[PDB]
Amino acid sequence: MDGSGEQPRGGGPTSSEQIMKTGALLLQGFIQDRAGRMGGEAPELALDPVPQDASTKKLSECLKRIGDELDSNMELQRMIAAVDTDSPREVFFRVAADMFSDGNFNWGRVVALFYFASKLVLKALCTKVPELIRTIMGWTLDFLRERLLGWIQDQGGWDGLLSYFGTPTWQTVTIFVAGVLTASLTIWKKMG
C-alpha cells in the first residue's frame, strides 16, 4: 500500500477521454467526406458528432490529401482487388495483427489502418448493407480503444501524429504506407 503516483487519470489533458473522442471523430470524418456531401436526417450515423474543429479539421487535410493520392494508385488498386471479402472479420484481425506483429510503434500501421478500414466501410456502403457500416466502425474503435490507447498517451496526444508530417517531401509518406500496406497483401496471398 504505497502508490508513488496518485491520480494519473482524474482530470486534465492527456486523458483517455480526449483521445477516444478525437479518434472516433477523425475516422468518422475522412469517411463522411469520402462518402459525398451530406444528407439531413442521416438515418445512418444518427447519434454521431460531425466534422467541426480547427484541430480535427487540419488532421483531416492530412488523411484527405493522401486518401486521394493513394486511392489513385493503379497498382495498389490492383492489389486490394486481388484479395476479397468472404470473411472480413478474420482478414481484418489477421492483416491488422501483421502490421503490429513486430517492433511496437511506427507510423505506417496507423495511417495504413484508417485507410484500410475506410474501404471496408465505403465498400459496405455500396453493397447496400448499412447495418455493416456501424459493425465495422465498431471493429475499428475496438482495436483503437484496446491497443492504440496507452501508446497515444505517451506521445502526449494526437499532436505527435500531425507533428510527424509537416515534411516537405510528400513522396516518402505515400511510399511508406504503400510499401508497408502492400507488404501485408504481398504475403496474405497464401504462404509460400
# chains A, B, ... in the order shown; residues from 1 in each chain; ligands from 1
>>> closest_atom_pairs(of="range 39-112 of chain A", to="range 133-138 of chain A", cutoff="12 Å", atoms="only C-alpha atoms", output="CSV")
residue,atom,partner,partner_atom,distance
A:43,CA,A:134,CA,11.8
A:44,CA,A:134,CA,8.3
A:45,CA,A:134,CA,7.8
A:46,CA,A:134,CA,10.7
A:47,CA,A:134,CA,11.5
A:48,CA,A:134,CA,11.1
A:88,CA,A:136,CA,9.4
A:89,CA,A:136,CA,9.1
A:92,CA,A:136,CA,9.7
A:93,CA,A:136,CA,11.8
>>> write_last_selection(atoms="N, CA, C and O atoms", output="PDB file, in the first residue's frame")
ATOM      1  N   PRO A  43     -30.155   8.973 -41.546  1.00  0.00           N
ATOM      2  CA  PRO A  43     -30.656   7.804 -40.806  1.00  0.00           C
ATOM      3  C   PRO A  43     -29.493   6.861 -40.460  1.00  0.00           C
ATOM      4  O   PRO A  43     -29.587   6.049 -39.562  1.00  0.00           O
ATOM      5  N   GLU A  44     -28.399   6.968 -41.164  1.00  0.00           N
ATOM      6  CA  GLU A  44     -27.236   6.085 -40.868  1.00  0.00           C
ATOM      7  C   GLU A  44     -26.557   6.566 -39.581  1.00  0.00           C
ATOM      8  O   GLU A  44     -27.035   6.320 -38.492  1.00  0.00           O
ATOM      9  N   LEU A  45     -25.453   7.258 -39.688  1.00  0.00           N
ATOM     10  CA  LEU A  45     -24.766   7.756 -38.462  1.00  0.00           C
ATOM     11  C   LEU A  45     -25.648   8.812 -37.789  1.00  0.00           C
ATOM     12  O   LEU A  45     -25.378   9.995 -37.855  1.00  0.00           O
ATOM     13  N   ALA A  46     -26.709   8.395 -37.151  1.00  0.00           N
ATOM     14  CA  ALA A  46     -27.614   9.374 -36.483  1.00  0.00           C
ATOM     15  C   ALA A  46     -26.915   9.983 -35.266  1.00  0.00           C
ATOM     16  O   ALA A  46     -26.344  11.053 -35.336  1.00  0.00           O
ATOM     17  N   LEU A  47     -26.957   9.310 -34.147  1.00  0.00           N
ATOM     18  CA  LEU A  47     -26.301   9.850 -32.926  1.00  0.00           C
ATOM     19  C   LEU A  47     -24.785   9.836 -33.129  1.00  0.00           C
ATOM     20  O   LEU A  47     -24.090   8.960 -32.651  1.00  0.00           O
ATOM     21  N   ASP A  48     -24.262  10.803 -33.824  1.00  0.00           N
ATOM     22  CA  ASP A  48     -22.784  10.848 -34.045  1.00  0.00           C
ATOM     23  C   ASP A  48     -22.337  12.322 -34.240  1.00  0.00           C
ATOM     24  O   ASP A  48     -23.062  13.088 -34.843  1.00  0.00           O
ATOM     25  N   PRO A  88     -14.416 -10.766 -43.749  1.00  0.00           N
ATOM     26  CA  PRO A  88     -13.717  -9.508 -43.416  1.00  0.00           C
ATOM     27  C   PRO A  88     -13.323  -9.476 -41.932  1.00  0.00           C
ATOM     28  O   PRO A  88     -12.503  -8.679 -41.522  1.00  0.00           O
ATOM     29  N   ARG A  89     -13.903 -10.320 -41.119  1.00  0.00           N
ATOM     30  CA  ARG A  89     -13.553 -10.301 -39.670  1.00  0.00           C
ATOM     31  C   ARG A  89     -12.198 -10.981 -39.458  1.00  0.00           C
ATOM     32  O   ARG A  89     -11.327 -10.454 -38.795  1.00  0.00           O
ATOM     33  N   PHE A  92      -9.564  -8.837 -41.321  1.00  0.00           N
ATOM     34  CA  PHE A  92      -9.343  -7.558 -40.590  1.00  0.00           C
ATOM     35  C   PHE A  92      -8.428  -7.791 -39.382  1.00  0.00           C
ATOM     36  O   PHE A  92      -7.536  -7.012 -39.115  1.00  0.00           O
ATOM     37  N   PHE A  93      -8.645  -8.842 -38.633  1.00  0.00           N
ATOM     38  CA  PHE A  93      -7.786  -9.085 -37.434  1.00  0.00           C
ATOM     39  C   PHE A  93      -6.460  -9.724 -37.860  1.00  0.00           C
ATOM     40  O   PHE A  93      -5.419  -9.438 -37.302  1.00  0.00           O
TER      41      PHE A  93
END
>>> residues_around(residues="residue 64 in chain A", least_positions_apart="3", cutoff="9 Å", atoms="only C-alpha atoms", output="PyMOL selection string")
chain A and resi 30+33-34+59-61+67-69
>>> write_last_selection(atoms="N, CA and C atoms", output="PDB file, in the first residue's frame")
ATOM      1  N   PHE A  30     -12.893  11.469 -42.173  1.00  0.00           N
ATOM      2  CA  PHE A  30     -12.379  11.097 -43.522  1.00  0.00           C
ATOM      3  C   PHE A  30     -13.405  10.230 -44.258  1.00  0.00           C
ATOM      4  N   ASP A  33     -16.614  12.645 -45.504  1.00  0.00           N
ATOM      5  CA  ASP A  33     -16.097  13.486 -46.622  1.00  0.00           C
ATOM      6  C   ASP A  33     -15.929  12.614 -47.870  1.00  0.00           C
ATOM      7  N   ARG A  34     -15.471  11.407 -47.692  1.00  0.00           N
ATOM      8  CA  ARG A  34     -15.279  10.488 -48.851  1.00  0.00           C
ATOM      9  C   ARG A  34     -16.617   9.882 -49.286  1.00  0.00           C
ATOM     10  N   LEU A  59      -6.158  17.894 -39.224  1.00  0.00           N
ATOM     11  CA  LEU A  59      -5.685  16.483 -39.303  1.00  0.00           C
ATOM     12  C   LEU A  59      -6.471  15.759 -40.409  1.00  0.00           C
ATOM     13  N   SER A  60      -7.610  16.284 -40.777  1.00  0.00           N
ATOM     14  CA  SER A  60      -8.405  15.655 -41.872  1.00  0.00           C
ATOM     15  C   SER A  60      -7.704  15.979 -43.194  1.00  0.00           C
ATOM     16  N   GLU A  61      -7.158  17.158 -43.292  1.00  0.00           N
ATOM     17  CA  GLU A  61      -6.409  17.553 -44.520  1.00  0.00           C
ATOM     18  C   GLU A  61      -5.242  16.584 -44.735  1.00  0.00           C
ATOM     19  N   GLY A  67      -5.511  10.283 -48.900  1.00  0.00           N
ATOM     20  CA  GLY A  67      -6.636   9.386 -49.290  1.00  0.00           C
ATOM     21  C   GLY A  67      -6.873   9.535 -50.793  1.00  0.00           C
ATOM     22  N   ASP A  68      -6.576  10.683 -51.340  1.00  0.00           N
ATOM     23  CA  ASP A  68      -6.787  10.896 -52.802  1.00  0.00           C
ATOM     24  C   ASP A  68      -5.581  10.368 -53.581  1.00  0.00           C
ATOM     25  N   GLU A  69      -4.392  10.699 -53.156  1.00  0.00           N
ATOM     26  CA  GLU A  69      -3.182  10.219 -53.883  1.00  0.00           C
ATOM     27  C   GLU A  69      -3.115   8.690 -53.828  1.00  0.00           C
TER      28      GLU A  69
END
>>> atom_distance(atom1="CA of residue 186 in chain A", atom2="CA of residue 167 in chain A")
28.1 Å
>>> atom_distance(atom1="CA of residue 96 in chain A", atom2="CA of residue 121 in chain A")
15.5 Å
>>> residues_around(residues="range 102-109 of chain A", least_positions_apart="2", cutoff="8 Å", atoms="only C-alpha atoms", output="list in words")
residues 98, 99, 100, 111, 112, 113, 151, 176, 177, 180 and 181 of chain A
>>> closest_residue(among="A:3, A:51, A:166, A:157", to="residue 17 in chain A", atoms="only C-alpha atoms")
A:157
>>> residues_around(residues="residue 123 in chain A", least_positions_apart="3", cutoff="12 Å", atoms="only C-alpha atoms", output="PDB file with N, CA and C atoms, in the first residue's frame")
ATOM      1  N   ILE A  31     -14.366   9.659 -43.570  1.00  0.00           N
ATOM      2  CA  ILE A  31     -15.373   8.811 -44.275  1.00  0.00           C
ATOM      3  C   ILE A  31     -16.493   9.710 -44.812  1.00  0.00           C
ATOM      4  N   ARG A  34     -15.471  11.407 -47.692  1.00  0.00           N
ATOM      5  CA  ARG A  34     -15.279  10.488 -48.851  1.00  0.00           C
ATOM      6  C   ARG A  34     -16.617   9.882 -49.286  1.00  0.00           C
ATOM      7  N   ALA A  35     -17.663  10.026 -48.514  1.00  0.00           N
ATOM      8  CA  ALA A  35     -18.973   9.443 -48.950  1.00  0.00           C
ATOM      9  C   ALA A  35     -19.670  10.430 -49.894  1.00  0.00           C
ATOM     10  N   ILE A  80      -5.662  -4.623 -53.752  1.00  0.00           N
ATOM     11  CA  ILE A  80      -6.909  -4.808 -52.966  1.00  0.00           C
ATOM     12  C   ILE A  80      -7.896  -5.624 -53.797  1.00  0.00           C
ATOM     13  N   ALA A  81      -7.826  -5.505 -55.098  1.00  0.00           N
ATOM     14  CA  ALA A  81      -8.751  -6.286 -55.962  1.00  0.00           C
ATOM     15  C   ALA A  81      -8.296  -7.745 -55.987  1.00  0.00           C
ATOM     16  N   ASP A  84     -10.180 -10.021 -51.337  1.00  0.00           N
ATOM     17  CA  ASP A  84     -11.634 -10.399 -51.384  1.00  0.00           C
ATOM     18  C   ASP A  84     -12.230 -10.228 -49.979  1.00  0.00           C
ATOM     19  N   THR A  85     -13.531 -10.280 -49.864  1.00  0.00           N
ATOM     20  CA  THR A  85     -14.182 -10.137 -48.526  1.00  0.00           C
ATOM     21  C   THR A  85     -14.381 -11.526 -47.912  1.00  0.00           C
ATOM     22  N   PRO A  88     -14.416 -10.766 -43.749  1.00  0.00           N
ATOM     23  CA  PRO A  88     -13.717  -9.508 -43.416  1.00  0.00           C
ATOM     24  C   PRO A  88     -13.323  -9.476 -41.932  1.00  0.00           C
ATOM     25  N   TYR A 115      -7.028   4.000 -43.506  1.00  0.00           N
ATOM     26  CA  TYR A 115      -7.367   3.873 -44.955  1.00  0.00           C
ATOM     27  C   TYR A 115      -7.804   2.443 -45.280  1.00  0.00           C
ATOM     28  N   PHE A 116      -7.190   1.467 -44.674  1.00  0.00           N
ATOM     29  CA  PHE A 116      -7.592   0.065 -44.966  1.00  0.00           C
ATOM     30  C   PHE A 116      -9.061  -0.118 -44.574  1.00  0.00           C
ATOM     31  N   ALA A 117      -9.426   0.377 -43.419  1.00  0.00           N
ATOM     32  CA  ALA A 117     -10.831   0.250 -42.957  1.00  0.00           C
ATOM     33  C   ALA A 117     -11.740   1.172 -43.771  1.00  0.00           C
ATOM     34  N   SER A 118     -11.249   2.309 -44.196  1.00  0.00           N
ATOM     35  CA  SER A 118     -12.105   3.231 -44.990  1.00  0.00           C
ATOM     36  C   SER A 118     -12.754   2.470 -46.143  1.00  0.00           C
ATOM     37  N   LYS A 119     -12.018   1.581 -46.753  1.00  0.00           N
ATOM     38  CA  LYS A 119     -12.587   0.773 -47.868  1.00  0.00           C
ATOM     39  C   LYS A 119     -13.621  -0.204 -47.289  1.00  0.00           C
ATOM     40  N   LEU A 120     -13.273  -0.973 -46.287  1.00  0.00           N
ATOM     41  CA  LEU A 120     -14.283  -1.908 -45.690  1.00  0.00           C
ATOM     42  C   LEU A 120     -15.587  -1.134 -45.439  1.00  0.00           C
ATOM     43  N   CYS A 126     -21.657   0.753 -50.611  1.00  0.00           N
ATOM     44  CA  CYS A 126     -22.175   0.423 -51.966  1.00  0.00           C
ATOM     45  C   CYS A 126     -22.973  -0.882 -51.908  1.00  0.00           C
ATOM     46  N   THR A 127     -22.408  -1.853 -51.251  1.00  0.00           N
ATOM     47  CA  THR A 127     -23.062  -3.184 -51.150  1.00  0.00           C
ATOM     48  C   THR A 127     -24.497  -3.036 -50.636  1.00  0.00           C
ATOM     49  N   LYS A 128     -24.870  -1.876 -50.127  1.00  0.00           N
ATOM     50  CA  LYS A 128     -26.274  -1.700 -49.632  1.00  0.00           C
ATOM     51  C   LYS A 128     -26.495  -2.423 -48.308  1.00  0.00           C
ATOM     52  N   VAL A 129     -25.532  -2.423 -47.404  1.00  0.00           N
ATOM     53  CA  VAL A 129     -25.749  -3.077 -46.067  1.00  0.00           C
ATOM     54  C   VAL A 129     -25.286  -2.089 -44.981  1.00  0.00           C
ATOM     55  N   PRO A 130     -26.060  -1.045 -44.747  1.00  0.00           N
ATOM     56  CA  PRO A 130     -25.685  -0.015 -43.760  1.00  0.00           C
ATOM     57  C   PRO A 130     -25.524  -0.604 -42.347  1.00  0.00           C
ATOM     58  N   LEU A 132     -23.913  -2.926 -41.570  1.00  0.00           N
ATOM     59  CA  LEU A 132     -22.499  -3.373 -41.526  1.00  0.00           C
ATOM     60  C   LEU A 132     -21.599  -2.137 -41.390  1.00  0.00           C
ATOM     61  N   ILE A 133     -22.012  -1.009 -41.900  1.00  0.00           N
ATOM     62  CA  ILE A 133     -21.187   0.223 -41.742  1.00  0.00           C
ATOM     63  C   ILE A 133     -20.905   0.425 -40.251  1.00  0.00           C
ATOM     64  N   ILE A 136     -18.605  -2.242 -38.684  1.00  0.00           N
ATOM     65  CA  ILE A 136     -17.167  -2.019 -39.000  1.00  0.00           C
ATOM     66  C   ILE A 136     -16.623  -0.980 -38.021  1.00  0.00           C
TER      67      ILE A 136
END
>>> select_by_dssp(residues="range 15-186 of chain A", states="helix (DSSP H, G or I)", output="VMD selection string")
chain A and resid 16 to 35 54 to 70 74 to 80 88 to 99 108 to 126 130 to 146 150 to 154 159 to 164 171 to 186
>>> write_last_selection(atoms="C-alpha atoms", output="short mmCIF file (atom, residue, chain, number, x, y, z; two decimals), in the first residue's frame")
data_model
loop_
_atom_site.label_atom_id
_atom_site.label_comp_id
_atom_site.auth_asym_id
_atom_site.auth_seq_id
_atom_site.Cartn_x
_atom_site.Cartn_y
_atom_site.Cartn_z
CA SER A 16 -8.41 8.59 -22.35
CA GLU A 17 -11.44 10.88 -22.93
CA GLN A 18 -9.93 13.41 -25.38
CA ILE A 19 -8.10 10.57 -27.21
CA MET A 20 -11.11 8.25 -27.68
CA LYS A 21 -13.24 11.24 -28.79
CA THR A 22 -10.83 12.64 -31.40
CA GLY A 23 -10.20 9.06 -32.56
CA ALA A 24 -13.91 8.41 -33.31
CA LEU A 25 -14.26 11.87 -34.92
CA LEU A 26 -11.14 11.69 -37.11
CA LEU A 27 -12.04 8.36 -38.72
CA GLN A 28 -15.76 9.22 -38.96
CA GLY A 29 -14.53 12.42 -40.65
CA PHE A 30 -12.38 11.10 -43.52
CA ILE A 31 -15.37 8.81 -44.28
CA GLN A 32 -18.29 11.29 -44.39
CA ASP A 33 -16.10 13.49 -46.62
CA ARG A 34 -15.28 10.49 -48.85
CA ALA A 35 -18.97 9.44 -48.95
CA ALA A 54 -9.92 23.71 -36.44
CA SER A 55 -7.68 21.00 -34.93
CA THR A 56 -9.56 17.92 -36.15
CA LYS A 57 -10.22 19.79 -39.40
CA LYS A 58 -6.49 20.11 -40.19
CA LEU A 59 -5.69 16.48 -39.30
CA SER A 60 -8.41 15.66 -41.87
CA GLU A 61 -6.41 17.55 -44.52
CA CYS A 62 -3.53 15.10 -43.90
CA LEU A 63 -5.71 11.95 -44.20
CA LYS A 64 -7.60 13.62 -47.10
CA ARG A 65 -4.55 14.70 -49.16
CA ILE A 66 -3.22 11.09 -49.04
CA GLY A 67 -6.64 9.39 -49.29
CA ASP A 68 -6.79 10.90 -52.80
CA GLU A 69 -3.18 10.22 -53.88
CA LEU A 70 -3.03 6.65 -52.53
CA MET A 74 -3.48 1.57 -60.04
CA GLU A 75 -1.01 -0.95 -58.59
CA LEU A 76 -2.38 -0.69 -55.04
CA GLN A 77 -5.88 -0.79 -56.57
CA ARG A 78 -4.86 -3.99 -58.41
CA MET A 79 -3.76 -5.40 -55.03
CA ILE A 80 -6.91 -4.81 -52.97
CA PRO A 88 -13.72 -9.51 -43.42
CA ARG A 89 -13.55 -10.30 -39.67
CA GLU A 90 -10.71 -12.85 -39.85
CA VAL A 91 -8.84 -10.83 -42.51
CA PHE A 92 -9.34 -7.56 -40.59
CA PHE A 93 -7.79 -9.08 -37.43
CA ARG A 94 -5.21 -11.22 -39.29
CA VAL A 95 -3.98 -8.47 -41.66
CA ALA A 96 -4.07 -5.94 -38.79
CA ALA A 97 -2.10 -8.11 -36.34
CA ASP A 98 0.51 -8.41 -39.10
CA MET A 99 1.02 -4.61 -39.14
CA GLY A 108 2.64 3.19 -41.40
CA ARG A 109 0.49 0.94 -39.18
CA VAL A 110 -1.75 3.81 -38.06
CA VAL A 111 -2.29 5.59 -41.40
CA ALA A 112 -2.41 2.22 -43.21
CA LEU A 113 -5.16 1.18 -40.74
CA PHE A 114 -7.56 4.14 -41.14
CA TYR A 115 -7.37 3.87 -44.95
CA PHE A 116 -7.59 0.07 -44.97
CA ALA A 117 -10.83 0.25 -42.96
CA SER A 118 -12.10 3.23 -44.99
CA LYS A 119 -12.59 0.77 -47.87
CA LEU A 120 -14.28 -1.91 -45.69
CA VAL A 121 -16.65 0.92 -44.67
CA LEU A 122 -17.13 2.54 -48.10
CA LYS A 123 -17.24 -0.88 -49.80
CA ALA A 124 -20.12 -1.78 -47.43
CA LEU A 125 -21.89 1.47 -48.30
CA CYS A 126 -22.18 0.42 -51.97
CA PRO A 130 -25.68 -0.02 -43.76
CA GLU A 131 -26.01 -2.21 -40.62
CA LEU A 132 -22.50 -3.37 -41.53
CA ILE A 133 -21.19 0.22 -41.74
CA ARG A 134 -21.78 0.53 -37.97
CA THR A 135 -20.46 -3.00 -37.32
CA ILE A 136 -17.17 -2.02 -39.00
CA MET A 137 -16.52 1.31 -37.17
CA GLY A 138 -17.12 -1.00 -34.18
CA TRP A 139 -14.10 -3.20 -35.01
CA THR A 140 -12.03 -0.03 -35.58
CA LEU A 141 -12.56 1.68 -32.19
CA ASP A 142 -12.27 -1.80 -30.62
CA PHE A 143 -8.67 -2.11 -31.85
CA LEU A 144 -8.01 1.59 -31.10
CA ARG A 145 -9.53 1.60 -27.58
CA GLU A 146 -7.80 -1.74 -26.77
CA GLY A 150 -1.79 3.58 -23.89
CA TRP A 151 0.66 4.46 -26.69
CA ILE A 152 -1.29 7.59 -27.72
CA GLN A 153 -0.91 8.80 -24.12
CA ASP A 154 2.92 8.60 -24.05
CA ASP A 159 -0.38 16.24 -31.69
CA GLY A 160 2.54 13.86 -32.36
CA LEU A 161 0.63 12.40 -35.34
CA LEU A 162 0.36 15.76 -37.15
CA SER A 163 3.77 16.93 -35.87
CA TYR A 164 5.28 13.93 -37.69
CA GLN A 171 6.52 11.07 -51.65
CA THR A 172 8.18 9.45 -48.59
CA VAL A 173 4.92 9.27 -46.60
CA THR A 174 2.89 7.97 -49.57
CA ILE A 175 5.53 5.30 -50.30
CA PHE A 176 5.73 4.40 -46.58
CA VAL A 177 2.12 3.25 -46.09
CA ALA A 178 2.02 1.82 -49.63
CA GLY A 179 5.29 -0.10 -49.19
CA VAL A 180 4.10 -1.34 -45.78
CA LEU A 181 0.41 -1.85 -46.59
CA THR A 182 1.29 -3.69 -49.82
CA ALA A 183 3.70 -5.97 -47.94
CA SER A 184 0.79 -7.41 -45.92
CA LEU A 185 -1.10 -8.00 -49.19
CA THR A 186 2.07 -9.45 -50.74
#
>>> atom_distance(atom1="CA of residue 14 in chain A", atom2="CA of residue 156 in chain A")
6.0 Å
